[PDB]
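Here the structure is laid out as C-alpha cells; the discussion comes afterwards.
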Amino acid sequence: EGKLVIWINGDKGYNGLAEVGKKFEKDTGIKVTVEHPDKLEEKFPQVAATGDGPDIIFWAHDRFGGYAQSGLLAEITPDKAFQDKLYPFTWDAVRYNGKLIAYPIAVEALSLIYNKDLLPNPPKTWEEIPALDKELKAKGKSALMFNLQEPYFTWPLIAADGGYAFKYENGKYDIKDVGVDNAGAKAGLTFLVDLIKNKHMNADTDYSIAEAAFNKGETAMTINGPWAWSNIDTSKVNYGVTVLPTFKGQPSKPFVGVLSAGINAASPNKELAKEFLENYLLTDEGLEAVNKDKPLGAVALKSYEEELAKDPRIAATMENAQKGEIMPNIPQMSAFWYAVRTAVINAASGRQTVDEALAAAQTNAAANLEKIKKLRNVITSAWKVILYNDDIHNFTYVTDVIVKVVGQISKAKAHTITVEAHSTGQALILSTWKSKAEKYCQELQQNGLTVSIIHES
C-alpha cells in the first residue's frame, strides 16, 4: 500500500465519504475504499496491535486520548493556516500530551427542543420550568421529559453553576481534581432532584419515554441532540431547537462531542491520509458530499458551518456546544460516568441526600480505574405500554378501564398508575411482548385514554 482504507461508523454518511474518495482517486490515482465495520471502536484496537486495521479512523474524540496513551494513533501535523480554518475549541478536543491526535469533523451537543404549538416561547431559565409544568399539567400535558437515567443528559444542569469532570492544567487533565462535589454541582443536582420530588417529572423517565412523549405531542420540551431530529420530522410536531436554559444565571454546560478522523500509526500512507483529510474532506465540497448523504450536524470547519448555521437548529447546536465542556478524552472518564450515573439515580430516588451522593461520586470519579469497573459488575418482556396525563379527572373511569383491559393489574395498581401519570406526566402500565402490548394499547386508546407503546431493549 499504496492505497487508503477508511473506517467510519454506520450511522454516518459513508456513501458521501466514498464520493470524496472517488474524487481523490480521480485526482491522485490513489484508490480509497470506505468501510463500516460493526463495533469499530472495539474492532479497531483488536486489529491495530497486529498492524493491519485501517489507514484512517472516524469515531469520537473522547475515546482518542486512550488510543493515544496506547500510541495507536499517529500525530497529525496540520499547519497554522489549516488549523485557523477550524473552530479553536474543536482542536482542544483532539489533543493528548500537548499534541494533536486527530482531525475534527463534526460537532454535536444537546439542545433544548420544544413544541411550538404547546410552547411558542421556550423558557430562558430552568427556574421558570416548575411553574410552566404546573400550568401544562392542568391542560393535560407536561412541560419537560428528557433522559434522567444517563449522566450525559443530566450533566448540562449539574455543571451549569460550576460543576466539572476533571480540572484542566493545559494539555493534561488532572484526574485527582474532580468537580462533581463543589457548590455548583450540588445546586444543579438539587434543582433536578427537586423537579422530581415536586412531581414535575417522573423519575423513571428514560430516552425512549421522552422521545415518544415529545414526538406524540404530550410533553412541551425535551433535551436531545441532532441525531434525534429525523424522528421528530416524521412526526406531526412543529418543533424548535434552541439554547439550553440557564441555571442561577449561568448557561447549561452540555458535553461536546467531536466526530474525529485519526491516522493509524502502522500506516505507510500517512502523507496520503493527511492530503485526503486536509485537502479533500475538510473542504466545503467534501463535507457537503458527506452531509448530503446523511447530515453531519454542526461541523468543525468554519466556512461550511457558517453556511449550515442558516439552519437555526444547527446554530443552536453550536451555541450550546460553545457554552459546554469538551468531553475529556482520557479513559478515567469511565469512572466519572459511573460516579455521576450513580449519584443522580440515588439522589433522585431518595436513597441518598444530594450532598452524600456527590461526596461519594467525587471519590469514585477519581478512584482506581479497575476497582470501579469491578464495581459495575457487582450490581419475552420488552414492550411497554405507557399511560399519559390528560383532561380526564374521573380517575374511577380510568382505573376501571385499565382493570378491564389488562389481565394482571389489580384495581389498586391501576389506580396508582392513573395517579402517577396525571401527577408526573407519564406512568408505566405494563411490560409484555409485542403482541400483548399492541392489543392493550389499542384497547386502552379506544376507551379514551392517551397511550404510547415503547420498545427500548
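Ordering of the C-alpha cells sets the chain letters (A, B, ...); residue numbers start at 1 within each chain; ligands are numbered from 1 in the order shown.
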
Taking only stretch 87-304 of chain A into account, list the residues labelled strand (DSSP E or B) by DSSP (computed from the backbone), as a PDB file with N, CA, C and O atoms, in the first residue's frame.
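Written output follows (selection.pdb):
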```pdb
ATOM      1  N   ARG A  95      -6.431  16.070  21.187  1.00  0.00           N
ATOM      2  CA  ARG A  95      -5.189  16.506  21.774  1.00  0.00           C
ATOM      3  C   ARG A  95      -4.901  15.623  22.984  1.00  0.00           C
ATOM      4  O   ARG A  95      -5.787  15.343  23.788  1.00  0.00           O
ATOM      5  N   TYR A  96      -3.660  15.163  23.070  1.00  0.00           N
ATOM      6  CA  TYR A  96      -3.145  14.440  24.219  1.00  0.00           C
ATOM      7  C   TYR A  96      -1.637  14.591  24.300  1.00  0.00           C
ATOM      8  O   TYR A  96      -0.917  14.426  23.304  1.00  0.00           O
ATOM      9  N   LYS A  99      -0.192  17.466  22.154  1.00  0.00           N
ATOM     10  CA  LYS A  99      -0.056  17.079  20.748  1.00  0.00           C
ATOM     11  C   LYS A  99      -1.372  16.682  20.066  1.00  0.00           C
ATOM     12  O   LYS A  99      -2.110  15.830  20.567  1.00  0.00           O
ATOM     13  N   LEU A 100      -1.640  17.285  18.907  1.00  0.00           N
ATOM     14  CA  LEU A 100      -2.836  16.975  18.114  1.00  0.00           C
ATOM     15  C   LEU A 100      -2.844  15.510  17.670  1.00  0.00           C
ATOM     16  O   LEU A 100      -1.849  15.002  17.141  1.00  0.00           O
ATOM     17  N   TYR A 103      -8.099  14.756  13.363  1.00  0.00           N
ATOM     18  CA  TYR A 103      -8.783  15.874  12.722  1.00  0.00           C
ATOM     19  C   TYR A 103     -10.266  15.968  13.124  1.00  0.00           C
ATOM     20  O   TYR A 103     -11.021  14.999  13.011  1.00  0.00           O
ATOM     21  N   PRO A 104     -10.691  17.145  13.596  1.00  0.00           N
ATOM     22  CA  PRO A 104     -12.108  17.374  13.891  1.00  0.00           C
ATOM     23  C   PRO A 104     -12.943  17.409  12.630  1.00  0.00           C
ATOM     24  O   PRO A 104     -12.554  18.059  11.685  1.00  0.00           O
ATOM     25  N   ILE A 105     -14.072  16.717  12.632  1.00  0.00           N
ATOM     26  CA  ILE A 105     -15.005  16.719  11.512  1.00  0.00           C
ATOM     27  C   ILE A 105     -16.352  17.374  11.845  1.00  0.00           C
ATOM     28  O   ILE A 105     -16.718  18.405  11.288  1.00  0.00           O
ATOM     29  N   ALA A 106     -17.085  16.755  12.762  1.00  0.00           N
ATOM     30  CA  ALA A 106     -18.392  17.245  13.161  1.00  0.00           C
ATOM     31  C   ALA A 106     -18.458  17.562  14.655  1.00  0.00           C
ATOM     32  O   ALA A 106     -17.690  17.034  15.442  1.00  0.00           O
ATOM     33  N   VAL A 107     -19.398  18.425  15.024  1.00  0.00           N
ATOM     34  CA  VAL A 107     -19.566  18.899  16.394  1.00  0.00           C
ATOM     35  C   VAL A 107     -21.019  18.714  16.866  1.00  0.00           C
ATOM     36  O   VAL A 107     -21.985  19.203  16.252  1.00  0.00           O
ATOM     37  N   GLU A 108     -21.176  17.981  17.954  1.00  0.00           N
ATOM     38  CA  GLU A 108     -22.511  17.695  18.452  1.00  0.00           C
ATOM     39  C   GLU A 108     -22.654  18.084  19.920  1.00  0.00           C
ATOM     40  O   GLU A 108     -21.698  18.045  20.683  1.00  0.00           O
ATOM     41  N   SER A 111     -29.306  20.225  22.792  1.00  0.00           N
ATOM     42  CA  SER A 111     -30.016  21.485  22.783  1.00  0.00           C
ATOM     43  C   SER A 111     -31.384  21.303  23.441  1.00  0.00           C
ATOM     44  O   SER A 111     -31.835  20.180  23.684  1.00  0.00           O
ATOM     45  N   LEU A 112     -32.026  22.417  23.755  1.00  0.00           N
ATOM     46  CA  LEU A 112     -33.391  22.390  24.234  1.00  0.00           C
ATOM     47  C   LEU A 112     -34.297  22.313  23.020  1.00  0.00           C
ATOM     48  O   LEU A 112     -34.266  23.208  22.169  1.00  0.00           O
ATOM     49  N   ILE A 113     -35.048  21.219  22.913  1.00  0.00           N
ATOM     50  CA  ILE A 113     -36.041  21.050  21.850  1.00  0.00           C
ATOM     51  C   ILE A 113     -37.452  21.291  22.368  1.00  0.00           C
ATOM     52  O   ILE A 113     -37.852  20.738  23.387  1.00  0.00           O
ATOM     53  N   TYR A 114     -38.210  22.121  21.680  1.00  0.00           N
ATOM     54  CA  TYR A 114     -39.536  22.448  22.186  1.00  0.00           C
ATOM     55  C   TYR A 114     -40.588  22.372  21.091  1.00  0.00           C
ATOM     56  O   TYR A 114     -40.280  22.502  19.921  1.00  0.00           O
ATOM     57  N   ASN A 115     -41.834  22.188  21.516  1.00  0.00           N
ATOM     58  CA  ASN A 115     -43.007  22.033  20.671  1.00  0.00           C
ATOM     59  C   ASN A 115     -43.662  23.392  20.497  1.00  0.00           C
ATOM     60  O   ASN A 115     -44.261  23.910  21.431  1.00  0.00           O
ATOM     61  N   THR A 125     -34.867  30.292  31.409  1.00  0.00           N
ATOM     62  CA  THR A 125     -34.313  29.760  32.671  1.00  0.00           C
ATOM     63  C   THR A 125     -34.869  28.400  33.110  1.00  0.00           C
ATOM     64  O   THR A 125     -36.011  28.062  32.841  1.00  0.00           O
ATOM     65  N   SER A 142     -47.529  18.003  29.981  1.00  0.00           N
ATOM     66  CA  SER A 142     -46.380  18.211  30.879  1.00  0.00           C
ATOM     67  C   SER A 142     -45.378  19.151  30.220  1.00  0.00           C
ATOM     68  O   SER A 142     -45.418  19.339  29.013  1.00  0.00           O
ATOM     69  N   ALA A 143     -44.474  19.728  30.999  1.00  0.00           N
ATOM     70  CA  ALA A 143     -43.535  20.699  30.448  1.00  0.00           C
ATOM     71  C   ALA A 143     -42.291  20.056  29.797  1.00  0.00           C
ATOM     72  O   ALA A 143     -41.934  20.391  28.674  1.00  0.00           O
ATOM     73  N   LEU A 144     -41.694  19.083  30.470  1.00  0.00           N
ATOM     74  CA  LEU A 144     -40.369  18.575  30.104  1.00  0.00           C
ATOM     75  C   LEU A 144     -40.230  17.072  30.345  1.00  0.00           C
ATOM     76  O   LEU A 144     -40.628  16.570  31.383  1.00  0.00           O
ATOM     77  N   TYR A 164     -17.641  20.384  37.189  1.00  0.00           N
ATOM     78  CA  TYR A 164     -16.743  19.956  36.113  1.00  0.00           C
ATOM     79  C   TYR A 164     -16.258  18.523  36.333  1.00  0.00           C
ATOM     80  O   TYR A 164     -16.280  18.014  37.446  1.00  0.00           O
ATOM     81  N   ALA A 165     -15.818  17.870  35.269  1.00  0.00           N
ATOM     82  CA  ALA A 165     -15.402  16.482  35.373  1.00  0.00           C
ATOM     83  C   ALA A 165     -14.019  16.368  36.013  1.00  0.00           C
ATOM     84  O   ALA A 165     -13.897  15.984  37.176  1.00  0.00           O
ATOM     85  N   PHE A 166     -12.987  16.723  35.259  1.00  0.00           N
ATOM     86  CA  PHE A 166     -11.630  16.821  35.790  1.00  0.00           C
ATOM     87  C   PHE A 166     -11.047  18.194  35.434  1.00  0.00           C
ATOM     88  O   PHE A 166     -11.338  18.714  34.352  1.00  0.00           O
ATOM     89  N   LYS A 167     -10.264  18.793  36.339  1.00  0.00           N
ATOM     90  CA  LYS A 167      -9.622  20.101  36.079  1.00  0.00           C
ATOM     91  C   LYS A 167      -8.613  20.033  34.958  1.00  0.00           C
ATOM     92  O   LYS A 167      -7.896  19.045  34.846  1.00  0.00           O
ATOM     93  N   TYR A 168      -8.552  21.085  34.139  1.00  0.00           N
ATOM     94  CA  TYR A 168      -7.608  21.133  33.019  1.00  0.00           C
ATOM     95  C   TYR A 168      -6.435  22.065  33.304  1.00  0.00           C
ATOM     96  O   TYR A 168      -6.628  23.247  33.596  1.00  0.00           O
ATOM     97  N   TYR A 173      -5.111  16.450  31.749  1.00  0.00           N
ATOM     98  CA  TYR A 173      -6.205  16.504  32.713  1.00  0.00           C
ATOM     99  C   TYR A 173      -5.660  16.075  34.060  1.00  0.00           C
ATOM    100  O   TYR A 173      -4.720  15.282  34.137  1.00  0.00           O
ATOM    101  N   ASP A 174      -6.268  16.572  35.124  1.00  0.00           N
ATOM    102  CA  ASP A 174      -5.848  16.202  36.463  1.00  0.00           C
ATOM    103  C   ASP A 174      -6.910  15.289  37.070  1.00  0.00           C
ATOM    104  O   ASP A 174      -7.912  15.773  37.608  1.00  0.00           O
ATOM    105  N   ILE A 175      -6.703  13.972  36.981  1.00  0.00           N
ATOM    106  CA  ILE A 175      -7.717  13.023  37.445  1.00  0.00           C
ATOM    107  C   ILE A 175      -7.852  13.018  38.960  1.00  0.00           C
ATOM    108  O   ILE A 175      -8.633  12.252  39.501  1.00  0.00           O
ATOM    109  N   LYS A 176      -7.100  13.871  39.648  1.00  0.00           N
ATOM    110  CA  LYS A 176      -7.212  13.976  41.096  1.00  0.00           C
ATOM    111  C   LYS A 176      -8.013  15.217  41.495  1.00  0.00           C
ATOM    112  O   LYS A 176      -8.285  15.442  42.677  1.00  0.00           O
ATOM    113  N   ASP A 177      -8.415  16.007  40.501  1.00  0.00           N
ATOM    114  CA  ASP A 177      -9.196  17.214  40.756  1.00  0.00           C
ATOM    115  C   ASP A 177     -10.548  17.085  40.074  1.00  0.00           C
ATOM    116  O   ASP A 177     -10.736  17.506  38.930  1.00  0.00           O
ATOM    117  N   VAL A 178     -11.484  16.493  40.802  1.00  0.00           N
ATOM    118  CA  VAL A 178     -12.811  16.230  40.290  1.00  0.00           C
ATOM    119  C   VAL A 178     -13.767  17.330  40.747  1.00  0.00           C
ATOM    120  O   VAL A 178     -13.667  17.810  41.879  1.00  0.00           O
ATOM    121  N   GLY A 179     -14.681  17.731  39.865  1.00  0.00           N
ATOM    122  CA  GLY A 179     -15.562  18.851  40.146  1.00  0.00           C
ATOM    123  C   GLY A 179     -17.028  18.480  40.247  1.00  0.00           C
ATOM    124  O   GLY A 179     -17.906  19.228  39.840  1.00  0.00           O
ATOM    125  N   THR A 219     -45.607  16.160  25.693  1.00  0.00           N
ATOM    126  CA  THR A 219     -44.753  16.974  26.545  1.00  0.00           C
ATOM    127  C   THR A 219     -44.214  18.131  25.690  1.00  0.00           C
ATOM    128  O   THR A 219     -44.008  17.966  24.479  1.00  0.00           O
ATOM    129  N   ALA A 220     -44.029  19.303  26.297  1.00  0.00           N
ATOM    130  CA  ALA A 220     -43.726  20.518  25.535  1.00  0.00           C
ATOM    131  C   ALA A 220     -42.237  20.694  25.229  1.00  0.00           C
ATOM    132  O   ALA A 220     -41.860  21.419  24.319  1.00  0.00           O
ATOM    133  N   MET A 221     -41.389  20.015  25.974  1.00  0.00           N
ATOM    134  CA  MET A 221     -39.966  20.177  25.784  1.00  0.00           C
ATOM    135  C   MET A 221     -39.235  18.869  25.958  1.00  0.00           C
ATOM    136  O   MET A 221     -39.687  17.961  26.663  1.00  0.00           O
ATOM    137  N   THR A 222     -38.062  18.786  25.360  1.00  0.00           N
ATOM    138  CA  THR A 222     -37.226  17.632  25.615  1.00  0.00           C
ATOM    139  C   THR A 222     -35.790  18.067  25.418  1.00  0.00           C
ATOM    140  O   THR A 222     -35.554  19.152  24.916  1.00  0.00           O
ATOM    141  N   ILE A 223     -34.834  17.269  25.878  1.00  0.00           N
ATOM    142  CA  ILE A 223     -33.426  17.610  25.683  1.00  0.00           C
ATOM    143  C   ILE A 223     -32.707  16.510  24.908  1.00  0.00           C
ATOM    144  O   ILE A 223     -32.543  15.406  25.406  1.00  0.00           O
ATOM    145  N   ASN A 224     -32.257  16.825  23.699  1.00  0.00           N
ATOM    146  CA  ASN A 224     -31.638  15.826  22.842  1.00  0.00           C
ATOM    147  C   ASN A 224     -30.706  16.448  21.830  1.00  0.00           C
ATOM    148  O   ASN A 224     -30.536  17.666  21.807  1.00  0.00           O
ATOM    149  N   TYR A 239     -41.523  21.725  15.659  1.00  0.00           N
ATOM    150  CA  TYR A 239     -40.605  21.870  16.777  1.00  0.00           C
ATOM    151  C   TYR A 239     -39.519  22.904  16.569  1.00  0.00           C
ATOM    152  O   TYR A 239     -39.107  23.158  15.457  1.00  0.00           O
ATOM    153  N   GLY A 240     -39.057  23.499  17.659  1.00  0.00           N
ATOM    154  CA  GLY A 240     -37.885  24.347  17.612  1.00  0.00           C
ATOM    155  C   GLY A 240     -36.720  23.734  18.354  1.00  0.00           C
ATOM    156  O   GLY A 240     -36.891  22.887  19.236  1.00  0.00           O
ATOM    157  N   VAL A 241     -35.526  24.195  18.007  1.00  0.00           N
ATOM    158  CA  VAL A 241     -34.289  23.767  18.633  1.00  0.00           C
ATOM    159  C   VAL A 241     -33.522  25.013  19.039  1.00  0.00           C
ATOM    160  O   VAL A 241     -33.085  25.782  18.183  1.00  0.00           O
ATOM    161  N   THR A 242     -33.354  25.204  20.346  1.00  0.00           N
ATOM    162  CA  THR A 242     -32.813  26.449  20.873  1.00  0.00           C
ATOM    163  C   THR A 242     -31.687  26.252  21.924  1.00  0.00           C
ATOM    164  O   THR A 242     -31.245  25.137  22.219  1.00  0.00           O
ATOM    165  N   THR A 246     -30.782  28.636  31.195  1.00  0.00           N
ATOM    166  CA  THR A 246     -29.792  28.938  32.215  1.00  0.00           C
ATOM    167  C   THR A 246     -30.210  28.416  33.581  1.00  0.00           C
ATOM    168  O   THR A 246     -31.373  28.091  33.810  1.00  0.00           O
ATOM    169  N   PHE A 247     -29.235  28.339  34.476  1.00  0.00           N
ATOM    170  CA  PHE A 247     -29.476  27.997  35.866  1.00  0.00           C
ATOM    171  C   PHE A 247     -28.601  28.890  36.725  1.00  0.00           C
ATOM    172  O   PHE A 247     -27.406  28.991  36.472  1.00  0.00           O
ATOM    173  N   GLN A 250     -26.459  31.185  34.861  1.00  0.00           N
ATOM    174  CA  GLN A 250     -25.351  30.646  34.089  1.00  0.00           C
ATOM    175  C   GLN A 250     -25.866  29.689  33.044  1.00  0.00           C
ATOM    176  O   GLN A 250     -26.794  28.928  33.314  1.00  0.00           O
ATOM    177  N   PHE A 255     -21.922  18.379  27.459  1.00  0.00           N
ATOM    178  CA  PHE A 255     -20.681  17.841  26.941  1.00  0.00           C
ATOM    179  C   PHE A 255     -20.652  17.963  25.417  1.00  0.00           C
ATOM    180  O   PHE A 255     -21.654  17.708  24.742  1.00  0.00           O
ATOM    181  N   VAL A 256     -19.497  18.351  24.891  1.00  0.00           N
ATOM    182  CA  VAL A 256     -19.283  18.450  23.452  1.00  0.00           C
ATOM    183  C   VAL A 256     -18.619  17.206  22.914  1.00  0.00           C
ATOM    184  O   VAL A 256     -17.659  16.723  23.492  1.00  0.00           O
ATOM    185  N   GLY A 257     -19.163  16.681  21.821  1.00  0.00           N
ATOM    186  CA  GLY A 257     -18.630  15.509  21.158  1.00  0.00           C
ATOM    187  C   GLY A 257     -18.190  15.809  19.733  1.00  0.00           C
ATOM    188  O   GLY A 257     -18.988  16.236  18.892  1.00  0.00           O
ATOM    189  N   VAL A 258     -16.915  15.564  19.452  1.00  0.00           N
ATOM    190  CA  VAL A 258     -16.360  15.834  18.136  1.00  0.00           C
ATOM    191  C   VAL A 258     -16.146  14.579  17.321  1.00  0.00           C
ATOM    192  O   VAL A 258     -15.359  13.739  17.703  1.00  0.00           O
ATOM    193  N   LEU A 259     -16.843  14.455  16.197  1.00  0.00           N
ATOM    194  CA  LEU A 259     -16.582  13.353  15.283  1.00  0.00           C
ATOM    195  C   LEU A 259     -15.191  13.583  14.727  1.00  0.00           C
ATOM    196  O   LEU A 259     -14.899  14.658  14.201  1.00  0.00           O
ATOM    197  N   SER A 260     -14.333  12.578  14.859  1.00  0.00           N
ATOM    198  CA  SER A 260     -12.917  12.781  14.607  1.00  0.00           C
ATOM    199  C   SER A 260     -12.311  11.753  13.663  1.00  0.00           C
ATOM    200  O   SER A 260     -12.700  10.592  13.672  1.00  0.00           O
ATOM    201  N   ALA A 261     -11.369  12.195  12.834  1.00  0.00           N
ATOM    202  CA  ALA A 261     -10.635  11.291  11.952  1.00  0.00           C
ATOM    203  C   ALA A 261      -9.163  11.280  12.347  1.00  0.00           C
ATOM    204  O   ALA A 261      -8.480  12.297  12.248  1.00  0.00           O
ATOM    205  N   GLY A 262      -8.715  10.137  12.860  1.00  0.00           N
ATOM    206  CA  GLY A 262      -7.338   9.938  13.259  1.00  0.00           C
ATOM    207  C   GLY A 262      -6.621   9.031  12.277  1.00  0.00           C
ATOM    208  O   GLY A 262      -7.241   8.207  11.595  1.00  0.00           O
ATOM    209  N   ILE A 263      -5.307   9.196  12.207  1.00  0.00           N
ATOM    210  CA  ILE A 263      -4.470   8.418  11.296  1.00  0.00           C
ATOM    211  C   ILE A 263      -3.787   7.287  12.047  1.00  0.00           C
ATOM    212  O   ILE A 263      -3.218   7.508  13.119  1.00  0.00           O
ATOM    213  N   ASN A 264      -3.850   6.079  11.491  1.00  0.00           N
ATOM    214  CA  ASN A 264      -3.222   4.909  12.116  1.00  0.00           C
ATOM    215  C   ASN A 264      -1.689   4.974  12.193  1.00  0.00           C
ATOM    216  O   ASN A 264      -1.020   5.417  11.252  1.00  0.00           O
ATOM    217  N   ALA A 298     -23.546  20.038  13.227  1.00  0.00           N
ATOM    218  CA  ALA A 298     -22.661  21.183  13.153  1.00  0.00           C
ATOM    219  C   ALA A 298     -21.286  20.645  12.810  1.00  0.00           C
ATOM    220  O   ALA A 298     -20.978  19.492  13.142  1.00  0.00           O
ATOM    221  N   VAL A 299     -20.463  21.447  12.136  1.00  0.00           N
ATOM    222  CA  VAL A 299     -19.135  20.964  11.746  1.00  0.00           C
ATOM    223  C   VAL A 299     -18.004  21.847  12.281  1.00  0.00           C
ATOM    224  O   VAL A 299     -18.205  23.010  12.629  1.00  0.00           O
ATOM    225  N   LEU A 301     -15.442  22.854  10.555  1.00  0.00           N
ATOM    226  CA  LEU A 301     -14.930  23.737   9.515  1.00  0.00           C
ATOM    227  C   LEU A 301     -15.754  25.016   9.417  1.00  0.00           C
ATOM    228  O   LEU A 301     -16.909  24.984   8.992  1.00  0.00           O
TER     229      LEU A 301
END
```

As a ChimeraX atom specification, which residues of stretch 145-231 of chain A does DSSP assign to alpha helix (DSSP H)? /A:151-158,183-197,207-215,229-231

Which polymer residues have any atom within 9 Å of an atom of residue A:185, counting only C-alpha atoms, with same-chain residues fewer than 5 positions away left out, as JSON, numbers by chain? {"A": [155, 157, 158, 159, 160, 161, 162, 163, 164, 179, 180, 190, 358]}

Would you put the residues from that selection into a file with N, CA, C and O atoms, as a short mmCIF file (atom, residue, chain, number, x, y, z; two decimals), in the first residue's frame?
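And here is the file that came out, part_20.cif:
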```cif
data_model
loop_
_atom_site.label_atom_id
_atom_site.label_comp_id
_atom_site.auth_asym_id
_atom_site.auth_seq_id
_atom_site.Cartn_x
_atom_site.Cartn_y
_atom_site.Cartn_z
N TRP A 155 -26.08 16.10 33.08
CA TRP A 155 -24.90 16.94 33.31
C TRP A 155 -25.04 18.41 32.91
O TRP A 155 -24.50 19.26 33.60
N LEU A 157 -27.27 20.52 33.39
CA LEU A 157 -27.77 21.26 34.55
C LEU A 157 -26.83 21.19 35.77
O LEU A 157 -26.54 22.21 36.40
N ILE A 158 -26.35 19.99 36.07
CA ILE A 158 -25.43 19.78 37.20
C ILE A 158 -24.14 20.62 37.08
O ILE A 158 -23.54 20.99 38.07
N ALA A 159 -23.69 20.91 35.87
CA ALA A 159 -22.42 21.61 35.69
C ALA A 159 -22.55 23.12 35.52
O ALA A 159 -21.55 23.85 35.61
N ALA A 160 -23.78 23.57 35.25
CA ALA A 160 -24.05 24.97 34.92
C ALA A 160 -23.42 25.96 35.89
O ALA A 160 -22.70 26.88 35.49
N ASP A 161 -23.67 25.76 37.17
CA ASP A 161 -23.29 26.74 38.17
C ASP A 161 -21.88 26.47 38.69
O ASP A 161 -21.43 27.09 39.65
N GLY A 162 -21.17 25.53 38.08
CA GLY A 162 -19.80 25.30 38.48
C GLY A 162 -19.26 23.87 38.52
O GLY A 162 -18.09 23.68 38.88
N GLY A 163 -20.08 22.89 38.17
CA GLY A 163 -19.60 21.52 38.09
C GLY A 163 -18.57 21.31 36.99
O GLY A 163 -18.61 22.01 35.97
N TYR A 164 -17.64 20.38 37.19
CA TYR A 164 -16.74 19.96 36.11
C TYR A 164 -16.26 18.52 36.33
O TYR A 164 -16.28 18.01 37.45
N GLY A 179 -14.68 17.73 39.87
CA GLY A 179 -15.56 18.85 40.15
C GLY A 179 -17.03 18.48 40.25
O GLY A 179 -17.91 19.23 39.84
N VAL A 180 -17.29 17.32 40.82
CA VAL A 180 -18.63 16.77 40.89
C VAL A 180 -19.32 17.20 42.21
O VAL A 180 -20.53 17.08 42.37
N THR A 190 -29.53 19.43 43.03
CA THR A 190 -30.65 19.74 43.90
C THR A 190 -31.85 20.24 43.07
O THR A 190 -33.00 19.85 43.32
N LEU A 358 -23.10 13.07 45.86
CA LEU A 358 -21.98 13.73 45.22
C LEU A 358 -20.66 13.56 45.99
O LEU A 358 -19.60 13.48 45.38
#
```

Pick from A:266, A:119, A:296, A:421, whichever lies nearest to residue A:395 using only C-alpha atoms: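 For residue A:395, the nearest of the candidates is A:421.
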
Polymer residues at most 10 Å from stretch 9-12 of chain A, only C-alpha atoms, same-chain spacing of 3 or more positions, as a PyMOL selection string: chain A and resi 15-17+35-41+57-60+227+259+290-291+293-296

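In terms of minimum interatomic distance to residue A:46, A:72 ranks closest within A:454, A:402, A:348, A:72, counting only C-alpha atoms.
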
12 Å contact set for residue A:192, only C-alpha atoms, chain neighbours under 4 positions out, as an MDAnalysis selection string: chainID A and resid 126:127 129:130 144:148 153:160 185:188 196:203 247 343:345 347:349 354
